Ligand SMILES: Cc1cc2nc3c(=O)[nH]c(=O)nc-3n(C[C@H](O)[C@H](O)[C@H](O)COP(=O)(O)OP(=O)(O)OC[C@H]3O[C@@H](n4cnc5c(N)ncnc54)[C@H](O)[C@@H]3O)c2cc1C
Ligand SMILES: NC(=O)c1ccc[n+]([C@@H]2O[C@H](COP(=O)([O-])OP(=O)(O)OC[C@H]3O[C@@H](n4cnc5c(N)ncnc54)[C@H](OP(=O)(O)O)[C@@H]3O)[C@@H](O)[C@H]2O)c1
Ligand SMILES: Cc1cc2nc3c(=O)[nH]c(=O)nc-3n(C[C@H](O)[C@H](O)[C@H](O)COP(=O)(O)O)c2cc1C
């Protein structure tokens, strides 16, 4: 991953004095970082956001060479509280370097979901580490939260941070400064225009290994079917064919897919703006001396950008709102949009409840504020990149070597906005028909969710709802280990659904596995076949005695998947009580015991929200 030259020098030659780095894997930290970088303007200073992977942080010690220099970090934490992929490099350096950062002014804003254990472990580490190296914190450590409203935590922090910096450096506060320039292309050859590929032009038709995030492999959907018997929701099973892709994976890994936005939605946005979505165009950084020449693959059409490259369904951030206000001919509306940036008062309230709460996407806002009619080109520059969506492979590669399986629930809910929101990836995937050739752009991502190495070790799997997913690959694999002739320890599944005739995923397959003996136990909690709720943990508590046996002496591995919100957190506490009672020990020591399994690789997680 060839590094760019000294970022300090890039600042010198560009007149910059502040730089923001992002530890972003889904784009959050990256937009904050850009927003932050943009702000520099308001105070006679100039900034720049940058991926830390592309640079060499050892150069922080050269940062003092620039007057009123400052460096911000917007790191995001990942599973078990580790650096984001792009920050891994920087993380190790901080863990080895002893370079003197005397003179370095810095501030850290951490993006971490509070209901996470290592709530912002990364951001804390960087805040604390740059200090030990001799740098001086210029503003308190920010600890944004994804479970509440990171967007507000970011604004609270943002409004306080800048004054501090201006106060400190002693500068006063200073106009829509567009970042790109529109260039319409008219006769341009069709063979050189992007039509949805993520990387090199034509890479989707001319598929060529290796296949990663930047050059995904379009696998053909060979099976797409309804898994739940009932009709309240739509739970599906898909099978992607990775034949001839040289792609490798193991049960417990994730598969990432790049989706396409709803054609109807994209059509309405262009319609309500009175724009021709078929105009081929390009957007080039107005800042000739910038690394990001284009906000997304160009030349391309507006239709193609809204469909494959942009996020047109999540609630717009306050910064986007504020920038749009100037385009609302009706005063009271312009004022509303402006006041969405507000840190307090009814401004911050209107935003939290009318935008975030109601789940109003870009189109909804355009419709609910009829005087708002921004020019398409500027709007595209403000919207964020469409992110890939991850899924837990529901197959064992030892069994389905040329197939990757997906277990997903289609997202479709009622927003308070009054309309029906559709999940981007799940709607798209649900629509893919084996077409007797439906292609899904994708790539695999290694994880640390792994069955034991000694096939004889006991395996306790807890995965209600769509959390079964990884476990199907696990079971197929332990079912196969027996067939081979190997000795397989106990395999216990703890699963849950609402009703056995509603959404009992893989009811047949799991019955077979149980009959054969691949499943030592198949405990299923139907939370809705009776007045009171019965969940997987209730079953874990029931079987406390036996489970402690498999744990304290059997050396069993525990795996929890599915809801990260509360199903786990209850399942985690249920393990605490098991341990506390069958040890025995006091609660506090049960918690240590369990926590020690998590670090010894005997307690794993694959949970999402
Ligand atoms: C590591 C990992 C593993 C995962 N594994 C799987 C898996 O194997 N199977 C699976 O089904 N999913 C899994 N997911 C989730 C998956 O990545 C997607 O988030 C999910 O499929 C939704 O995709 P979408 O683009 O259709 O939804 P989007 O269009 O991105 O919408 C998602 C958002 O809609 C909002 N929303 C949904 N319901 C409501 C509501 N009722 N009220 C208000 N807001 C709501 C929330 O903001 C939610 O985050 C996993 C995620 C991660 C990160
Ligand atoms: N809430 C959101 O806005 C939001 C947004 C995106 C995704 N999601 C999550 O994505 C998933 C979508 O559905 P799904 O098929 O995966 O799951 P699901 O069908 O909603 O849940 C599967 C089983 O888990 C049970 N359960 C509920 N809470 C539990 C808990 N606290 N402890 C143990 N079991 C619990 C459910 O029972 P009951 O349901 O009968 O209680 C059901 O029996 C859910 O986790 C959903 O919450 C939520
Ligand atoms: C698979 C997964 C694991 C996560 N693990 C953690 C964690 O351990 N600690 C934490 O604070 N946040 C965790 N988060 C939440 C992210 O830290 C948070 O959503 C942040 O907004 C991500 O920003 P990004 O968009 O730049 O990645 C996790 C999120 C996902 C999807």
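Normalised by 2.2 N^0.38 Å, where N is the number of residues, the C-alpha radius of gyration of the range 262-382 stands at 1.10.
How would you classify the range 330-372 from its alpha-carbon gyration tensor, with a ≥ b ≥ c the square roots of the eigenvalues: rounded for a/c under 1.5, else prolate if a/b is greater than b/c, otherwise oblate? Oblate shape, in that a/c is at least 1.5 and b/c is the bigger or equal ratio.
Tell me whether the range 459-608 comes out rounded, prolate or oblate; compute the Cα gyration tensor, take square roots of the eigenvalues as a ≥ b ≥ c, and use a/c under 1.5 as the rounded threshold. Oblate is the answer for the range 459-608, as a/c is 1.5 or above yet b/c matches or exceeds a/b.
Rank these for me by crowding, 190, 184, going from fewest to most other beta carbons within 10 Å.
Going from sparsest to densest Cβ surroundings: 190, 184.
The calculated FRET efficiency for residue 329 paired with residue 190, based on their beta-carbon distance and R0 = 35 Å, is about 0.40. Summarising the label geometry, the points placed 7 Å from Cα in the beta-carbon direction at residue 545 and residue 445 lie 4.4 nm from one another.
The range 291-335 and the range 407-429 have their alpha-carbon centroids 21 Å apart.
The spacing between the range 163-213 and the range 536-578, judged by their C-alpha centroids, is 47 Å. Treating r as the C-beta distance of residue 67 and residue 528 and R0 as 45 Å, the FRET efficiency rounds to 0.10. Of all DSSP beta bridges confined to the range 7-169, the antiparallel ones make up roughly 5%. Exposure proxy ranking for 490, 349, 232, based on other Cβ atoms within 10 angstrom of each Cβ and starting from the fewest, stands as 232, 349, 490. For the chain, the share of DSSP beta bridges that are antiparallel, to the nearest 5, is 50%.
With contacts taken as Cα pairs under 8 Å at a separation of at least 6 residues, the range 7-169 carries a relative contact order of 20 percent.
With the Cα gyration tensor of the range 69-159 giving a ≥ b ≥ c as the square roots of its eigenvalues, does the rule (a/c under 1.5 for rounded; else a/b larger than b/c for prolate; else oblate) give rounded, prolate or oblate? Present the calculation step by step, with values, prior to reporting the outcome.
Working: a/c = 2.51, a/b = 1.32, b/c = 1.90.
It is oblate, given that a/c is not under 1.5 and a/b is not larger than b/c.
Here r is the Cβ-Cβ distance between residue 6 and residue 147 and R0 is 41 Å; the resulting FRET efficiency, rounded to 0.05, is 0.60.
Put a dot 7 Å past the Cα of residue 97, heading toward its Cβ, do the same for residue 272, and the two dots end up 4.7 nm apart.
A simple spin-label model places pseudo-atoms 7 Å from Cα toward Cβ; at residue 168 and residue 566 they are separated by 4.1 nm. Quick one: work out the % antiparallel among DSSP beta bridges in the range 14-88, nearest 5. Roughly 10 percent of the DSSP beta bridges within the range 14-88 come out antiparallel. In terms of other Cβ atoms within 10 Å, 595, 432 run from fewest to most in the order 595, 432.
Taking each residue as 0.36 nm, the span from residue 353 to residue 175 lengthens on full extension beyond its C-alpha to C-alpha distance by 61.3 nm.
No lab work stands behind these numbers, since they all come straight from the coordinates. So basically every Cβ, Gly included, is an ideal-geometry build from the backbone, and we count neighbours across all protein chains shown.
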